[PDB]
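S.K.: Sharing a structure below in structure tokens format, with a few things to ask.
This is the structure we're talking about:
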């Protein structure tokens with residue numbers, strides 16, 4: 001049974017970086033080399049300051065860098081040496097052509113496949129770790145076969161990432177499961193077992209699941225779809241709550257106490273964000289359309305439609321409360337990141353709430369304690391931003407003479423604001439629109455102060 | 001704080017019967033009286049043989065019947081005596097008028113409300129335990145107010161059932177949670193706490209959740225919707241698996257190992273059945289339409305559409321494999337109950353698979369080890391049944407000269423059949439259509455024997 | 234016959250065999266039954282569209298939609314072909330070199346009016362392909378004009399002086415015009431310098447009979463009305 005001594009990962013992103021650092025950390029006898037075409041990242045990884053921030057990562061890297069962990073721009077050589085090649089390049093959504101806005105672009109993956117076969121000889125296991133569309137491994141095999149050589153035996157595996165950015169290290173050292181898909185043939189099985197062996201250094205064999213390569217690719221998309229579906233389901237319920245007098249936090253709790261349902265991913269909000277949920281559901285939907293499965297496509301499209309409905313519904317409540325006119329009205333936007341405790345704004349609901357309000361000609365004053373100023377301007381551009395967008399240094403500068411305060415990100419600090427002070431300098435009637443249920447418990451307080459406070463999933 | 005000494009439950013169904021028997025069993029100091037207009041049930045409950053079968057129930061009843069547990073047809077007197085009144089009558093789906101086929105008919109609940117107020121005086125807590133549409137408790141309160149008396153104080157609570165028929169006793173003695181909804185006013189809170197006190201006799205206070213009355217009603221519908229959604233989601237995936245070469249059992253496993261998703265209710269099949277899932281989702285959908293929430297209605301309608309698609313897709317695979325002609329072809333239908341280990345056929349997928357095949361003029365031979373013969377004939381009627395339906399005494403009589411064997415219920419015995427014997431007497435080519443993944447592991451065997459075996463979520 | 238060609242690809246039938254069997258009926262006759270990527274010319278679409286408008290103006294919508302089908306099928310035929318190419322290249326054509334052999338609407342002319350090559354090229358341009366176009370008769374400036382609205391043509395379109403310069407390092411060869419000279423090319427030479435896997439998409443059935451040759455060479459060859 002083949003043993004893996006040298007590993008090359010293509011891509012120094014948040015996936016390939018931490019995963020290989022951990023592998024190096026739990027497998028001192030293996031030489032792991034992370035490469036990327038970006039000289040900036042590579043030199044940063046070998047620098048005292050790392051190009052990405054993860055809790056516990058800095059310690060892992062400094063423990064291994066120089067012994068068995070190496071970051072280089074020399075991709076060709078790292079490929080030649082390696083027994084295992086992780087393909088960890090991103091697959092952006094197509095911005096044009098067939099599948100525009102939904103289909104995954106395999107351009108970078110195909111580039112890796114051609115680069116690998118070019119610079120490699122003998123036996124090598126090639127593993128796709130980045131999120132790929134289903135049957136992408138067929139595409140890789142097809143490149144390998146057409147570009148074959150004597151004594152060339154490249155085995156293709158699937159081993160998707162399941163780490164949430166922010167807790168990468170914890171997710172890697174103590175994963176719920178490791179997933180490995182390979183062809184159900186003697187050759188494919190030997191390659192799967194070799195990859196297992198690497199993980200067996202720190203992952204119990206009970207938590208390692210082996211499947212065929214297509215089940216593995218599809219599992220990654222479906223898992224994210226199921227998670228997203230849970231959120232959109234509780235959100236659809238929140239709309240019912242507002243219409244019936246029920247309360248979504250009460251309903252979520254009652255639902256989640258069913259062992260079969262569980263209590264995770266049931267917190268209603270203005271809408272899910274992030275670079276994964278919408279991207280992977282849209283890719284799942286495109287897959288179904290391509291495979292002549294329109295009933296399944298429209299089933300999963302509902303997850304996205306509900307999320308868009310949730311955001312639009314929220315903006316509409318704000319606009320109607322301000323008498324369907326927001327021209328030149330000051331509106332405080334507290335929180336711009338897609339979730340708390342991060343600077344990431346990718347697919348942030350704040351972007352969509354802000355944009356709806358901008359279409360009304362609102363004067364938005366945006367505050368976020370972590371998100372860089374230049375990022376907010378970028379996320380709101382296509389002139390219009392110049393006229394309507396002010397970026398506040400502090401929350402009180404954003405609520406000074408504002409008609410309404412809109413909370414879009416569940417930052418802990420928003421709970422602790424001096425709402426007595428804020429109310430004194432707001433225009434009356436003064437509104438608070440809680441899009442994250444963060445001011446729950448503070449309702450009676452804010453109302454006696456004088457606020458009109460509205461929130462997701464609670465009847466007005 | 002008020003104490004409940006006498007309890008009257010209206011309805012000796014599978015809900016009111018076991019729940020009150022258990023209450024009597026864990027609260028010897030409380031006198032519980034179960035009533036129903038059906039003299040048949042009542043005399044059966046007081047008979048050595050009980051009108052329903054639940055594991056451990058017979059022992060519970062015989063322990064309490066005569067001390068604090070009583071079954072009577074004397075509804076008026078049981079109401080007069082009781083401190084707490086459980087309303088446990090069923091709410092059938094409307095078969096005509098506004099909301100036909102979706103809306104719940106509140107006729108029996110309203111009848112109980114008028115009967116209660118008629119035969120009652122003083123303080124009484126009235127609790128709806130049966131599954132009701134949201135704001136049904138408003139309907140009950142509206143009857144009580146209009147029919148008021150001096151010294152009449154009827155408090156209305158919601159306390160939905162969460163017991164799966166078949167494990168009622170286990171679900172009652174060790175519930176995941178007890179749900180109690182009441183009006184958020186001093187009066188309503190006192191009534192909620194009184195009902196809690198009853199459950200505190202055997203249920204830890206951590207597992208008792210109190211909400212307002214609308215959250216409670218909605219939680220019961222949403223919980224069943226979420227469960228059903230899980231099944232339809234894995235089913236939609238099974239269709240993708242058949243089209244890609246992935247395997248749904250492998251995918252379900254990989255998905256379910258995520259702690260946040262969990263591994264319950266992820267077993268793909270020909271479609272979910274039962275008297276709860278479709279009924280409550282349709283009621284949830286009607287609720288949304290009535291409340292001008294068309295985006296939410298169509299979101300949840302997808303759960304049902306997918307389930308119907310799953311069944312139709314299955315039948316179509318069978319029909320196409322038999323060259324789109326099934327006229328006078330013998331087809332074995334193994335399993336008619338909606339799930340294994342029961343005689344219940346309500347909304348059984350076997351009904352729909354059978355009916356699709358009957359529309360092709362098939363000669364169906366149906367076998368189920370538990371389902372009564374007369375029930376199958378009833379479930380397939382509106389002449390047509392006489393011509394096309396034969397009910398087999400044993401599985402081999404159903405597979406004698408049949409073109410295909412269709413498994414619709416996951417009975418354990420189907421795994422153990424003499425498939426060598428069956429194949430010898432089948433017409434060639436001989437098909438097995440596994441609608442429950444029960445013959446998983448037996449694939450290579452059945453194929454070497456000579457079967458063409460197809461199943462849910464596996465590429466052919 | 235083009236609609237039939239789509240059915241042939243899905244059944245294992247062959248459109249040229251079907252066309253012959255049909256055309257041997259005296260009542261149907263054998264002219265105008267050669268399946269292709271789509272008809273072109275300055276007459277067919279123009280006159281059918283005029284016929285349809287006439288029907289609409291005269292309150293004859295059933296007749297209008299009957300004839301509209303001729304145009305819809307022709308548009309479907311072109312789209313279907315372009316999509317086969319795109320899907321075969323893994324649904325990504327960004328910066329992929331693709332040779333387009335033939336630009337005129339039919340062989341033995343410089344006329345490009347309503348040529349199917351224009352529409353196939355544009356579909357591939359919307360994918361970001363690097364098209365290298367060759368036609369022995371069509372003037373260079375005409376091709377540039379027919380692909381404009388600009389900068390997109392500047393970035394994505396190169397016009398080759400000879401076919402081999404267009405197939406040098408290309409992922410796929412797309413034949414859109416039935417020039418006789420395309421049948422006589424040195425496909426052994428072309429394959430050596432193409433990126434692998436190397437595709438040929440025959441949109442005019444000109445390479446019929448040469449399939450086994452091209453397959454033993456190493457080509458993956460696909461065409462109108464023949465199952466893959």
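Protein chains in written order, with PDB author numbering: chain B, 1 to 382, 389 to 466; chain B', 1 to 382, 389 to 466; chain C, 234 to 382, 388 to 466. A prime marks a further copy of an entry chain. Ideal Cβ positions, reconstructed from N, Cα and C, are used throughout, including at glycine.
List, in chain order, every chain B residue whose beta-carbon is nearer than 9 Å to that of residue 453 (chain B').
M.R.: Taking the second chain and counting its residues from 1, the one referred to as residue 453 (chain B') is at position 447. Those do not exist, as residue 453 (chain B') stays about 15 Å from chain B at its closest Cβ, beyond 9 Å.
S.K.: What residues from chain C crowd round residue 147 (chain B), counting only those whose CB sits closer than 9 Å?
M.R.: Here residue 147 (chain B) refers to the residue found at position 147 when the first chain is read from its first residue. 433, 434 and 435, listed in chain order.
S.K.: With distance defined between alpha-carbon atoms, name the residue in B':321, B':303 and B':410 nearest to residue 334 (chain B').
M.R.: For the purposes of this step, residue 334 (chain B') is taken as residue 334 along the second chain, with counting starting at 1. The option with the nearest alpha carbon to residue 334 (chain B') is B':410.
S.K.: Using a Cβ cut-off of 9 Å, pull out every chain C residue sitting near residue 21 (chain B), in sequence order please.
M.R.: The residue you call residue 21 (chain B) lines up with position 21 of the first chain. Ordered by position in chain C, no residue passes the 9 Å Cβ test against residue 21 (chain B), which lies about 31 Å from the chain.
S.K.: Applying the criterion that 16 or more other CB atoms from any shown protein chain within 10 Å of the CB defines a buried residue, is residue 418 (chain C) buried or exposed?
M.R.: Taking the third chain and counting its residues from 1, one reaches residue 418 (chain C) at position 180. Per the 10 Å Cβ criterion, exposed.
S.K.: Specify whether the segment 425–437 of chain C and the segment 142–154 of chain B touch according to this definition: at least 3 beta carbon pairs, one from each stretch, less than 8 Å apart.
M.R.: The answer is yes - the segment 142–154 of chain B touches the segment 425–437 of chain C, with three or more Cβ pairs under 8 Å.
S.K.: Thinking C-beta only, is residue 95 (chain B') closer than 8 Å to residue 104 (chain B')?
M.R.: If you number the second chain from 1, residue 104 (chain B') lands on position 104. If you number the second chain from 1, residue 95 (chain B') lands on position 95. It is not a contact, given that the beta carbons lie outside the stated cut-off.
S.K.: Looking at chain B, is there any beta carbon in it that lies within less than 8 Å of the beta carbon of residue 253 (chain B')?
M.R.: Taking the first residue of the second chain as 1, we reach residue 253 (chain B') at position 253. Chain B contact via Cβ: present.
S.K.: From residue 179 (chain B) to residue 239 (chain B'), what does the alpha carbon distance come to, in whole angstroms?
M.R.: Reading the first chain from its first residue, position 179 is the one you call residue 179 (chain B). Reading the second chain from its first residue, position 239 is the one you call residue 239 (chain B'). If you take the alpha carbons of residue 179 (chain B) and residue 239 (chain B'), they lie about 21 Å apart.
S.K.: Give a yes or no on whether the C-beta atoms belonging to residue 232 (chain B) and residue 307 (chain B) are separated by under 8 Å.
M.R.: Counting from one through the first chain, the residue named residue 232 (chain B) turns up at place 232. Counting from one through the first chain, the residue named residue 307 (chain B) turns up at place 307. Against a cut-off of 8 Å, the Cβ pair of residue 307 (chain B) and residue 232 (chain B) comes out as a contact.
S.K.: Let me know the secondary structure DSSP gives residue 155 (chain B) once reduced to three states.
M.R.: The residue labelled residue 155 (chain B) in the question sits at position 155 within the first chain. Strand.
S.K.: Take every Cβ of the segment 360–372 of chain C, pair it with every Cβ of the segment 325–342 of chain C, and state whether three or more of those distances are shorter than 8 Å.
M.R.: Contact holds: three or more Cβ-Cβ distances are below 8 Å.
S.K.: Write down every uninterrupted run of the alpha helix (DSSP H) in the segment 271–356 of chain B' whose length is 4 residues or greater and which is fully enclosed by it, in chain order.
M.R.: As far as the segment 271–356 of chain B' is concerned, its whole alpha helix (DSSP H) runs of at least 4 residues are 277–290 and 294–321.
S.K.: Going by beta-carbon coordinates alone, are residue 9 (chain B) and residue 79 (chain B) separated by less than 8 Å?
M.R.: Looking up residue 9 (chain B) in the first chain gives position 9. Looking up residue 79 (chain B) in the first chain gives position 79. Their beta carbons are not under 8 Å apart, which means residue 9 (chain B) does not touch residue 79 (chain B) by this criterion.
S.K.: Using only CA atoms, which one of B:371, B:389, B:154 and B:259 lies nearest to residue 398 (chain B)?
M.R.: The sequence position of residue 398 (chain B) within the first chain is 392, counting from 1. That would be B:371, whose Cα lies nearest to the Cα of residue 398 (chain B).
S.K.: Would you call the CB atoms of residue 181 (chain B') and residue 131 (chain B') closer than 8 Å?
M.R.: Translated into the one-based positions of the second chain, residue 181 (chain B') becomes position 181. Translated into the one-based positions of the second chain, residue 131 (chain B') becomes position 131. Cβ distance not < 8 Å, so residue 181 (chain B') and residue 131 (chain B') don't count as in contact.
S.K.: Counting Cβ pairs, one atom from each stretch, are 3 or more of them under 8 Å apart for the segment 287–300 of chain C and the segment 62–79 of chain B?
M.R.: As far as the Cβ criterion goes, the segment 287–300 of chain C does not touch the segment 62–79 of chain B, which means the pair count is below three.
S.K.: So the candidates are B':295, B':305, B':313 and B':324; which of them puts its Cα closest to the Cα of residue 310 (chain B)?
M.R.: As a first step, residue 310 (chain B) must be located in the first chain, where it is residue number 310. Here the closest residue by C-alpha is B':295.
S.K.: Looking at the structure shown, is residue 38 (chain B) part of a helix, part of a strand, or coil, going by DSSP?
M.R.: As a working note, residue 38 (chain B) is residue 38 in the first chain. Reduced to three states, the DSSP call for residue 38 (chain B) is coil.
S.K.: At least one CB of chain C closer than 8 Å to the CB of residue 103 (chain B): is that the case?
M.R.: Counting from 1 along the first chain, the entry for residue 103 (chain B) is found at position 103. Closer than 8 Å to some Cβ of chain C, the Cβ of residue 103 (chain B) qualifies, so yes.
S.K.: Mind checking residue 241 (chain C): buried by the 16 CB within 10 Å criterion, or exposed?
M.R.: Within the third chain, residue 241 (chain C) is the residue found at index 8, counting from 1. Classification of residue 241 (chain C): buried, given that the 10 Å Cβ count is 16 or more.
S.K.: Report the three-state DSSP secondary structure of residue 96 (chain B') (helix, strand or coil).
M.R.: Taking the second chain and counting its residues from 1, one reaches residue 96 (chain B') at position 96. Three-state result, residue 96 (chain B'): coil.
S.K.: At which residue ranges does the segment 175–215 of chain B' contain complete alpha helix (DSSP H) runs of 4 or more residues, listed in the order of the chain?
M.R.: As far as the segment 175–215 of chain B' is concerned, its whole alpha helix (DSSP H) runs of at least 4 residues are 186–199.
S.K.: How would you list, in chain order, the residues of chain B whose beta-carbon sits under 8 Å from the beta-carbon of residue 319 (chain C)?
M.R.: Against the third chain, residue 319 (chain C) aligns to sequence position 86. Here the neighbours are 97 and 98.
S.K.: Apart from the five residues just before and just after residue 413 (chain C), which ones in its own chain have a Cβ nearer than 8 Å to its Cβ?
M.R.: As a working note, residue 413 (chain C) is residue 175 in the third chain. For residue 413 (chain C), where only same-chain residues beyond five positions count, the Cβ hits under 8 Å are 334, 335, 420, 438, 439, 440, 441, 442, 444 and 445.
S.K.: Do residue 57 (chain B) and residue 169 (chain B) count as a contact pair if the criterion is CB distance below 8 Å?
M.R.: Within the first chain, numbered from 1, the residue matching residue 169 (chain B) stands at position 169. Within the first chain, numbered from 1, the residue matching residue 57 (chain B) stands at position 57. Yes, Cβ-Cβ distance for residue 169 (chain B) and residue 57 (chain B) is below 8 Å.
S.K.: Going residue by residue through the segment 54–99 of chain B, where are the continuous beta strand (DSSP E) segments of at least 3 residues, counting only ones entirely within it?
M.R.: Counting only runs of 3 or more, we get 69–72 and 84–87.
S.K.: Excluding the 5 residues flanking residue 2 (chain B) on each side, which residues of the same chain have their C-beta closer than 7 Å to its C-beta?
M.R.: The sequence position of residue 2 (chain B) within the first chain is 2, counting from 1. Result list for residue 2 (chain B): 190 and 194, in chain order.
S.K.: Along the chain, where does the alpha helix (DSSP H) that runs through residue 144 (chain B) open and close?
M.R.: Translated into the one-based positions of the first chain, residue 144 (chain B) becomes position 144. Looking at the DSSP string, the run of the alpha helix (DSSP H) that includes residue 144 (chain B) is 136–146.
S.K.: According to DSSP, is residue 415 (chain B) part of a helix, a strand, or is it coil?
M.R.: Indexing the first chain from 1 puts residue 415 (chain B) at position 409. Residue state, collapsed to three classes: coil.
S.K.: Hey, how far is the Cα of residue 227 (chain B') from the Cα of residue 173 (chain B)?
M.R.: Numbered from its first residue, the second chain carries residue 227 (chain B') at position 227. Numbered from its first residue, the first chain carries residue 173 (chain B) at position 173. Approximately 32 Å, taken between the alpha carbons.
S.K.: Less than 8 Å between the beta carbons of residue 5 (chain B') and residue 77 (chain B'), yes or no?
M.R.: Taking the first residue of the second chain as 1, we reach residue 5 (chain B') at position 5. Taking the first residue of the second chain as 1, we reach residue 77 (chain B') at position 77. Against a cut-off of 8 Å, the Cβ pair of residue 77 (chain B') and residue 5 (chain B') comes out as no contact.
S.K.: Could you compute how far the alpha carbon of residue 116 (chain B') sits from the alpha carbon of residue 223 (chain B')?
M.R.: If you number the second chain from 1, residue 116 (chain B') lands on position 116. If you number the second chain from 1, residue 223 (chain B') lands on position 223. The straight-line gap from Cα to Cα measures roughly 29 Å.
S.K.: State the Cα-Cα distance for the pair residue 109 (chain B') and residue 229 (chain B), rounded to the nearest angstrom.
M.R.: The residue labelled residue 109 (chain B') in the question sits at position 109 within the second chain. The residue labelled residue 229 (chain B) in the question sits at position 229 within the first chain. Computed Cα separation, rounded: 34 Å.
S.K.: Just to confirm, is the Cβ distance from residue 345 (chain C) to residue 353 (chain C) under 8 Å?
M.R.: The residue you call residue 345 (chain C) lines up with position 112 of the third chain. The residue you call residue 353 (chain C) lines up with position 120 of the third chain. For residue 345 (chain C) and residue 353 (chain C), no; Cβs fall outside 8 Å.
S.K.: At what residue ranges does the segment 235–259 of chain C contain a whole run of the alpha helix (DSSP H), taking only runs of 4 or more?
M.R.: 235–244 and 248–256, all fully within the segment 235–259 of chain C.
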